[PDB]
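Just the one chain here, laid out as structure tokens, in the form solved without its partner chain.
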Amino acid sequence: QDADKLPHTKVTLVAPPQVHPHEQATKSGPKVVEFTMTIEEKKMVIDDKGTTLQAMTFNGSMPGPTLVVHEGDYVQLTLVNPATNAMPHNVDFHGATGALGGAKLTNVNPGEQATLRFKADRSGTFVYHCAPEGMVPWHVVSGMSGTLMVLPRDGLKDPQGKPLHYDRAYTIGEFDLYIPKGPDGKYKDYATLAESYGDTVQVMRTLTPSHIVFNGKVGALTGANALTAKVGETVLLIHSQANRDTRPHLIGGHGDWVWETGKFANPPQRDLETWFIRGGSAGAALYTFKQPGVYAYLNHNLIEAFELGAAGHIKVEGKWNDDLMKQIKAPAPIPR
């Protein structure tokens, strides 16, 4: 179990909402899993009115990509901060032990890179986020967070120890955004990242987000970009919130098996209508679709979902089952 003598394997990361290919239950022994992530500071358009955010990301997306390893594996991450960026960054893994999650050992200025290795000895979905001394909240609410999933070597289990399996995994990062308004009542547009700082911290301190979005913008997971599934498929929905609480719900469905605190050595809860993700954590739910159609996946503070942006769609193909739900009489005039 000395990591220097284990087999090493490189994994290619994919952009949310997909998750890189991985095995659930595995016969493989422990290994050193190597990943590389590059920081990108960039301006992004977050709604249909043209509102912009001076964003900071891991690998160009919000959230950063999901990393998947098995319990007892070592994670080896190379963190690159290109010279085209303006600020220093680092990474704190909530799945790791010591040195402020790894943040003390990964301080990289623009033009530098560093490599960290840590043992992933606890199963579950964990947040990772950037945390530079003196500017922690700003880097996190500007987009620097993602999930590390550490699967039990034997896969997921129910409370009686029966195996659970998913057909597809999706990863959703929910972001509370603090975009300042000018004297004319319109959102401000900044030429540089540094220029947004002073106005943004003043808004953060009100604790009232201007927008709350899934994966980087209002409507990111709707219409053409909806998540997809089929009746009969079991989906794993991973949900991270690195700063603020949220309460996910699947309209028309349920959480069949849910780990709301996200830690797989604890028994899941079943049949949840709405679950709770604590700010600074990632949770996970399993659901097996039984009806076709469009489902909305949202934060069930409905103002936060419909007014501020935290809602997405899942489009499901299959046959309608009238034994679970049936329209007996369609809307018609009240009988007189």
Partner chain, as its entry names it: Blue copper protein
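Residue numbers count along the first chain shown, from 1.
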Report task. Look over 249-257 and 80-88 in the entry and identify the one with the greater average Cα temperature factor. Result -> 80-88
Requested in this report: Could you check which stretch, 41-49 or 62-70, carries the larger mean CA temperature factor in the entry?
Outcome: 41-49
Query raised in the report: What's the residue among 180, 111, 152, 146 with the greatest CA temperature factor in the PDB record?
Result: 111
Requested in this report: Sort 309, 29, 268, 280 by C-alpha B-factor from the entry and give me just the highest.
Outcome: 29
Query raised in the report: If you rank every modelled residue in this chain by C-alpha B factor, which third holds residue 131: lowest, middle or highest?
Result: middle
Query raised in the report: Can you tell me which third, lowest, middle or highest, the CA B-factor of residue 222 falls into for its chain?
Result: highest
Query raised in the report: Which third of the chain holds residue 262 when residues are ordered by C-alpha B factor: lowest, middle or highest?
Result: lowest
Query - For residue 199, the third of its chain into which the C-alpha B factor falls - result: middle
Query raised in the report: Which third of the chain holds residue 233 when residues are ordered by C-alpha B factor: lowest, middle or highest?
Result: highest
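Keep in mind that the form solved in complex with its partner chain is not shown, yet the notes after this line are about it.
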Query - Heavy atom of residue 180 within 4.5 Å of its partner chain in the deposited bound form - result: no
Query raised in the report: With the partner left out of view, is residue 164 within 4.5 angstroms of its partner chain in the deposited bound form by any non-hydrogen atom?
Result: no
Query - Interface membership of residue 88, its partner chain in the deposited bound form, 4.5 Å heavy atom rule - result: yes
Query raised in the report: For residue 222, is any heavy atom within 4.5 Å of its partner chain in the deposited bound form, or not?
Result: no
Requested in this report: Go through 135-156 residue by residue and record those having a heavy atom within 4.5 Å of its partner chain in the deposited bound form; state none if no residue qualifies.
Outcome: 135, 138
